[PDB]
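Notes for the one structure printed next.
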Amino acid sequence: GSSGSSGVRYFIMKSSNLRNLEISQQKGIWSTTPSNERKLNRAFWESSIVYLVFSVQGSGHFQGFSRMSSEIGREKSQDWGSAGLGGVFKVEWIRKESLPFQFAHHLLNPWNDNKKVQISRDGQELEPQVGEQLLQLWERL
């Protein structure tokens with residue numbers, strides 16, 4: 001058997017406007033800054049699953065989460081309102097509702113700074129121990 005075996009990585013994605021994410025939740029695709037794509041491509045080829053948690057800047061909420069469904073630069077799209085973005089990839093959405101930051105206030109991010117999960121950057125890594133508890137919170141809505 002494999003020395004690495006089955007396993008999943010967790011990441012916080014960020015948006016400049018909820019309108020850019022409306023395309024993502026309808027078309028089933030996403031796009032990030034070119035400097036993140038190498039971490040997500042590596043994670044996608046190594047892992048069983050790559051979890052991508054969504055957050056619009058200034059919203060006070062996590063907009064949902066998806067699983068990475070294809071590799072970056074294999075897919076393309078002209079649909080974006082923001083133009084500072086890189087290439088495109090497919091995403092498989094699991095939950096799509098705006099979860100308040102208050103729900104995850106008992107959770108932290110030791111892979112950032114041991115800060116509260118809301119205090120995470122565009123492409124910031126998340127521990128699986130805090131992240132597996134974050135994803136269950138959509139079931140409380």
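For the structure tokens, the naming scheme is as follows: chains receive sequential letters (A, B, ...) according to their order of presentation, residues are indexed from 1 within each chain, and ligands are indexed from 1 in presentation order.
Residues within 9 Å of residue 118 in chain A, counting only C-alpha atoms and excluding same-chain residues fewer than 5 positions away, are residues 12, 55, 60, 61, 62, 101, 104, 105, 108 and 109 of chain A.
Excluding residue 140 in chain A itself and any same-chain residue fewer than 4 positions from it, the protein and nucleic acid residues within 12 Å of it, counting only C-alpha atoms, are residues 95, 97, 98, 99, 100, 103, 104, 133, 134, 135 and 136 of chain A.
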### Task
Just the helix (DSSP H, G or I) stuff from chain A, please, per backbone DSSP, written as a PyMOL selection string.
chain A and resi 18-27+34-46+128-140
If you keep N, CA and C atoms, can you produce a file of those selected residues as a JSON list (two decimals), in the first residue's frame?
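In the end it all went to part.json:
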```json
[["chain", "number", "residue", "atom", "x", "y", "z"],
["A", 18, "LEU", "N", -19.50, 39.41, -3.52],
["A", 18, "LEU", "CA", -20.39, 38.25, -3.57],
["A", 18, "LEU", "C", -20.84, 37.91, -5.00],
["A", 19, "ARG", "N", -20.94, 38.91, -5.89],
["A", 19, "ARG", "CA", -21.24, 38.70, -7.32],
["A", 19, "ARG", "C", -20.24, 37.77, -8.01],
["A", 20, "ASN", "N", -18.93, 37.88, -7.75],
["A", 20, "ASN", "CA", -17.94, 36.93, -8.29],
["A", 20, "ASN", "C", -18.21, 35.48, -7.84],
["A", 21, "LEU", "N", -18.72, 35.31, -6.62],
["A", 21, "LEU", "CA", -19.06, 34.01, -6.05],
["A", 21, "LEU", "C", -20.41, 33.47, -6.56],
["A", 22, "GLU", "N", -21.36, 34.34, -6.94],
["A", 22, "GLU", "CA", -22.60, 33.91, -7.60],
["A", 22, "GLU", "C", -22.30, 33.12, -8.88],
["A", 23, "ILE", "N", -21.33, 33.57, -9.69],
["A", 23, "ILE", "CA", -20.84, 32.80, -10.85],
["A", 23, "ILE", "C", -20.28, 31.44, -10.38],
["A", 24, "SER", "N", -19.45, 31.43, -9.33],
["A", 24, "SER", "CA", -18.82, 30.20, -8.82],
["A", 24, "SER", "C", -19.84, 29.14, -8.38],
["A", 25, "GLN", "N", -20.92, 29.55, -7.73],
["A", 25, "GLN", "CA", -21.99, 28.68, -7.22],
["A", 25, "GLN", "C", -22.97, 28.21, -8.30],
["A", 26, "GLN", "N", -22.98, 28.85, -9.47],
["A", 26, "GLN", "CA", -23.85, 28.53, -10.61],
["A", 26, "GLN", "C", -23.12, 27.71, -11.68],
["A", 27, "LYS", "N", -21.94, 28.18, -12.10],
["A", 27, "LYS", "CA", -21.09, 27.58, -13.13],
["A", 27, "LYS", "C", -20.19, 26.44, -12.60],
["A", 34, "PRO", "N", -2.40, 34.13, -9.00],
["A", 34, "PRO", "CA", -1.45, 33.16, -9.55],
["A", 34, "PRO", "C", -0.49, 32.53, -8.53],
["A", 35, "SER", "N", -0.15, 33.24, -7.45],
["A", 35, "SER", "CA", 0.73, 32.76, -6.38],
["A", 35, "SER", "C", 0.11, 31.69, -5.46],
["A", 36, "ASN", "N", -1.22, 31.52, -5.43],
["A", 36, "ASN", "CA", -1.83, 30.38, -4.74],
["A", 36, "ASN", "C", -1.93, 29.12, -5.61],
["A", 37, "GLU", "N", -2.00, 29.23, -6.94],
["A", 37, "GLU", "CA", -2.37, 28.08, -7.78],
["A", 37, "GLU", "C", -1.47, 26.85, -7.59],
["A", 38, "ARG", "N", -0.16, 27.06, -7.39],
["A", 38, "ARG", "CA", 0.83, 26.00, -7.13],
["A", 38, "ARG", "C", 0.55, 25.16, -5.87],
["A", 39, "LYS", "N", -0.02, 25.75, -4.81],
["A", 39, "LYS", "CA", -0.35, 25.01, -3.57],
["A", 39, "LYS", "C", -1.59, 24.14, -3.78],
["A", 40, "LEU", "N", -2.58, 24.66, -4.50],
["A", 40, "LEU", "CA", -3.86, 24.00, -4.76],
["A", 40, "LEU", "C", -3.70, 22.88, -5.80],
["A", 41, "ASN", "N", -2.91, 23.11, -6.86],
["A", 41, "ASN", "CA", -2.54, 22.07, -7.82],
["A", 41, "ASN", "C", -1.80, 20.90, -7.16],
["A", 42, "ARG", "N", -0.76, 21.19, -6.36],
["A", 42, "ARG", "CA", -0.04, 20.17, -5.58],
["A", 42, "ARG", "C", -0.97, 19.40, -4.65],
["A", 43, "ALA", "N", -1.78, 20.12, -3.86],
["A", 43, "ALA", "CA", -2.77, 19.53, -2.97],
["A", 43, "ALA", "C", -3.76, 18.62, -3.73],
["A", 44, "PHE", "N", -4.22, 19.06, -4.90],
["A", 44, "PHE", "CA", -5.18, 18.32, -5.73],
["A", 44, "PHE", "C", -4.65, 17.00, -6.31],
["A", 45, "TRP", "N", -3.37, 16.99, -6.70],
["A", 45, "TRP", "CA", -2.66, 15.80, -7.17],
["A", 45, "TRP", "C", -2.23, 14.85, -6.04],
["A", 46, "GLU", "N", -1.86, 15.37, -4.86],
["A", 46, "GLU", "CA", -1.47, 14.58, -3.68],
["A", 46, "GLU", "C", -2.65, 13.96, -2.90],
["A", 128, "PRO", "N", -6.54, 20.25, 9.69],
["A", 128, "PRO", "CA", -7.68, 19.34, 9.56],
["A", 128, "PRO", "C", -8.49, 19.21, 10.86],
["A", 129, "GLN", "N", -7.88, 19.42, 12.03],
["A", 129, "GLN", "CA", -8.54, 19.29, 13.34],
["A", 129, "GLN", "C", -9.56, 20.41, 13.60],
["A", 130, "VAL", "N", -9.19, 21.65, 13.27],
["A", 130, "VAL", "CA", -10.09, 22.82, 13.32],
["A", 130, "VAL", "C", -11.01, 22.86, 12.09],
["A", 131, "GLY", "N", -10.52, 22.44, 10.92],
["A", 131, "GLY", "CA", -11.25, 22.47, 9.66],
["A", 131, "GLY", "C", -12.39, 21.44, 9.60],
["A", 132, "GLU", "N", -12.21, 20.22, 10.10],
["A", 132, "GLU", "CA", -13.29, 19.22, 10.13],
["A", 132, "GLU", "C", -14.47, 19.66, 11.02],
["A", 133, "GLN", "N", -14.18, 20.42, 12.08],
["A", 133, "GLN", "CA", -15.19, 21.03, 12.95],
["A", 133, "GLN", "C", -15.85, 22.27, 12.31],
["A", 134, "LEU", "N", -15.11, 23.05, 11.51],
["A", 134, "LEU", "CA", -15.65, 24.18, 10.75],
["A", 134, "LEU", "C", -16.73, 23.74, 9.76],
["A", 135, "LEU", "N", -16.49, 22.66, 9.00],
["A", 135, "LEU", "CA", -17.41, 22.22, 7.94],
["A", 135, "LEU", "C", -18.73, 21.64, 8.47],
["A", 136, "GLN", "N", -18.75, 21.13, 9.71],
["A", 136, "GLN", "CA", -19.98, 20.62, 10.34],
["A", 136, "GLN", "C", -20.97, 21.76, 10.70],
["A", 137, "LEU", "N", -20.53, 23.02, 10.73],
["A", 137, "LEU", "CA", -21.33, 24.15, 11.22],
["A", 137, "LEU", "C", -22.47, 24.55, 10.27],
["A", 138, "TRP", "N", -22.33, 24.28, 8.97],
["A", 138, "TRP", "CA", -23.43, 24.44, 8.01],
["A", 138, "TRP", "C", -24.65, 23.56, 8.30],
["A", 139, "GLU", "N", -24.47, 22.43, 8.99],
["A", 139, "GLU", "CA", -25.56, 21.54, 9.40],
["A", 139, "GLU", "C", -26.37, 22.10, 10.59],
["A", 140, "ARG", "N", -25.83, 23.10, 11.31],
["A", 140, "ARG", "CA", -26.49, 23.79, 12.43],
["A", 140, "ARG", "C", -27.46, 24.91, 11.99]]
```
### Query
If you count only C-alpha atoms, which residues fall within 9 Å of residue 110 in chain A, apart from same-chain ones fewer than 2 positions away, as a list in words?
residues 108, 112, 113, 114, 115, 126, 127 and 130 of chain A
Convert the current residue selection to file output with C-alpha atoms, as a compact mmCIF listing (two decimals), in the first residue's frame.
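New file selection-v6.txt:
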```
# COMPACT_ATOMS: atom_id res chain seq x y z
CA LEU A 108 -8.84 28.87 15.66
CA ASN A 112 -1.85 30.99 10.47
CA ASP A 113 -1.16 32.47 13.98
CA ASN A 114 -3.55 30.63 16.41
CA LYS A 115 -6.05 33.45 15.44
CA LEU A 126 -6.21 25.42 7.80
CA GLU A 127 -5.46 22.46 10.15
CA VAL A 130 -10.09 22.82 13.32
```
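Closest approach to residue 56 in chain A among A:77, A:31, A:82, A:16: A:16, based on only C-alpha atoms.
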### DSSP strand (DSSP E) residues within range 12-121 of chain A, as a ChimeraX atom specification
/A:12,29-31,49-54,61-62,64-68,88-95,99-100,108-109,115-116
Can I get the selected residues back with N, CA and C atoms, as an mmCIF file, in the first residue's frame?
```cif
data_model
loop_
_atom_site.group_PDB
_atom_site.id
_atom_site.type_symbol
_atom_site.label_atom_id
_atom_site.label_comp_id
_atom_site.auth_asym_id
_atom_site.auth_seq_id
_atom_site.Cartn_x
_atom_site.Cartn_y
_atom_site.Cartn_z
ATOM 1 N N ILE A 12 -8.650 28.328 3.177
ATOM 2 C CA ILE A 12 -9.570 29.471 3.157
ATOM 3 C C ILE A 12 -9.357 30.266 1.857
ATOM 4 N N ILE A 29 -17.157 26.697 -11.017
ATOM 5 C CA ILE A 29 -15.741 27.018 -11.256
ATOM 6 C C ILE A 29 -15.231 28.099 -10.289
ATOM 7 N N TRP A 30 -13.920 28.163 -10.057
ATOM 8 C CA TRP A 30 -13.276 29.223 -9.274
ATOM 9 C C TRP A 30 -11.912 29.616 -9.857
ATOM 10 N N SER A 31 -11.402 30.770 -9.433
ATOM 11 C CA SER A 31 -10.155 31.383 -9.886
ATOM 12 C C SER A 31 -9.521 32.163 -8.729
ATOM 13 N N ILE A 49 -9.019 14.647 -1.236
ATOM 14 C CA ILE A 49 -9.912 15.809 -1.287
ATOM 15 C C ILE A 49 -9.099 17.076 -0.954
ATOM 16 N N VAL A 50 -9.480 18.221 -1.524
ATOM 17 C CA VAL A 50 -8.971 19.553 -1.145
ATOM 18 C C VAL A 50 -10.175 20.434 -0.844
ATOM 19 N N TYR A 51 -10.404 20.735 0.434
ATOM 20 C CA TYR A 51 -11.489 21.610 0.870
ATOM 21 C C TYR A 51 -11.199 23.108 0.766
ATOM 22 N N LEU A 52 -12.113 23.849 0.144
ATOM 23 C CA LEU A 52 -12.017 25.274 -0.156
ATOM 24 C C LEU A 52 -13.201 25.993 0.492
ATOM 25 N N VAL A 53 -12.939 26.699 1.587
ATOM 26 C CA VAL A 53 -13.948 27.469 2.326
ATOM 27 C C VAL A 53 -14.033 28.890 1.793
ATOM 28 N N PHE A 54 -15.239 29.372 1.496
ATOM 29 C CA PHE A 54 -15.464 30.681 0.888
ATOM 30 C C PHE A 54 -15.802 31.831 1.833
ATOM 31 N N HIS A 61 -19.330 36.608 7.376
ATOM 32 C CA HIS A 61 -19.783 35.233 7.163
ATOM 33 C C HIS A 61 -18.839 34.428 6.248
ATOM 34 N N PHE A 62 -18.839 33.102 6.411
ATOM 35 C CA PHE A 62 -18.294 32.149 5.444
ATOM 36 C C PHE A 62 -19.397 31.749 4.450
ATOM 37 N N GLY A 64 -19.974 29.405 2.357
ATOM 38 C CA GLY A 64 -20.072 27.983 2.020
ATOM 39 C C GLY A 64 -18.694 27.340 1.873
ATOM 40 N N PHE A 65 -18.652 26.116 1.349
ATOM 41 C CA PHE A 65 -17.395 25.458 1.000
ATOM 42 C C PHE A 65 -17.612 24.465 -0.152
ATOM 43 N N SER A 66 -16.519 24.195 -0.858
ATOM 44 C CA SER A 66 -16.446 23.233 -1.956
ATOM 45 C C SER A 66 -15.222 22.332 -1.837
ATOM 46 N N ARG A 67 -15.215 21.294 -2.664
ATOM 47 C CA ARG A 67 -14.099 20.400 -2.939
ATOM 48 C C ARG A 67 -13.499 20.747 -4.304
ATOM 49 N N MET A 68 -12.174 20.822 -4.410
ATOM 50 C CA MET A 68 -11.492 21.028 -5.696
ATOM 51 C C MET A 68 -11.753 19.829 -6.626
ATOM 52 N N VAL A 88 -8.422 29.351 -14.079
ATOM 53 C CA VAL A 88 -9.674 28.760 -13.580
ATOM 54 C C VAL A 88 -9.535 27.254 -13.311
ATOM 55 N N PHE A 89 -10.379 26.731 -12.418
ATOM 56 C CA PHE A 89 -10.549 25.305 -12.122
ATOM 57 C C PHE A 89 -11.990 24.993 -11.686
ATOM 58 N N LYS A 90 -12.423 23.731 -11.803
ATOM 59 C CA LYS A 90 -13.739 23.267 -11.320
ATOM 60 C C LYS A 90 -13.795 23.046 -9.812
ATOM 61 N N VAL A 91 -14.956 23.333 -9.229
ATOM 62 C CA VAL A 91 -15.256 23.170 -7.799
ATOM 63 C C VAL A 91 -16.591 22.440 -7.641
ATOM 64 N N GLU A 92 -16.618 21.503 -6.699
ATOM 65 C CA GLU A 92 -17.772 20.681 -6.349
ATOM 66 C C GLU A 92 -18.312 21.174 -5.000
ATOM 67 N N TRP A 93 -19.336 22.029 -5.022
ATOM 68 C CA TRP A 93 -19.932 22.627 -3.820
ATOM 69 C C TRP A 93 -20.647 21.608 -2.916
ATOM 70 N N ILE A 94 -20.392 21.658 -1.600
ATOM 71 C CA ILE A 94 -21.045 20.787 -0.605
ATOM 72 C C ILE A 94 -22.134 21.549 0.170
ATOM 73 N N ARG A 95 -21.806 22.735 0.704
ATOM 74 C CA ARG A 95 -22.743 23.696 1.329
ATOM 75 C C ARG A 95 -22.515 25.104 0.772
ATOM 76 N N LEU A 99 -22.738 31.185 6.470
ATOM 77 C CA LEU A 99 -22.558 30.846 7.885
ATOM 78 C C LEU A 99 -21.939 32.032 8.657
ATOM 79 N N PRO A 100 -22.553 32.562 9.731
ATOM 80 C CA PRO A 100 -21.980 33.673 10.500
ATOM 81 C C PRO A 100 -20.645 33.307 11.157
ATOM 82 N N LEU A 108 -10.036 28.067 15.957
ATOM 83 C CA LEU A 108 -8.843 28.867 15.656
ATOM 84 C C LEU A 108 -8.130 28.334 14.400
ATOM 85 N N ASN A 109 -7.049 28.987 13.976
ATOM 86 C CA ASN A 109 -6.188 28.544 12.876
ATOM 87 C C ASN A 109 -4.705 28.537 13.311
ATOM 88 N N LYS A 115 -4.936 32.494 15.559
ATOM 89 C CA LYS A 115 -6.054 33.448 15.441
ATOM 90 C C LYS A 115 -7.396 32.754 15.198
ATOM 91 N N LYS A 116 -8.517 33.460 15.387
ATOM 92 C CA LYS A 116 -9.859 32.967 15.014
ATOM 93 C C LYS A 116 -9.948 32.731 13.501
#
```
### Query
Nearest to residue 7 in chain A: which of A:48, A:69, A:59, A:32 is it, counting only C-alpha atoms?
A:48
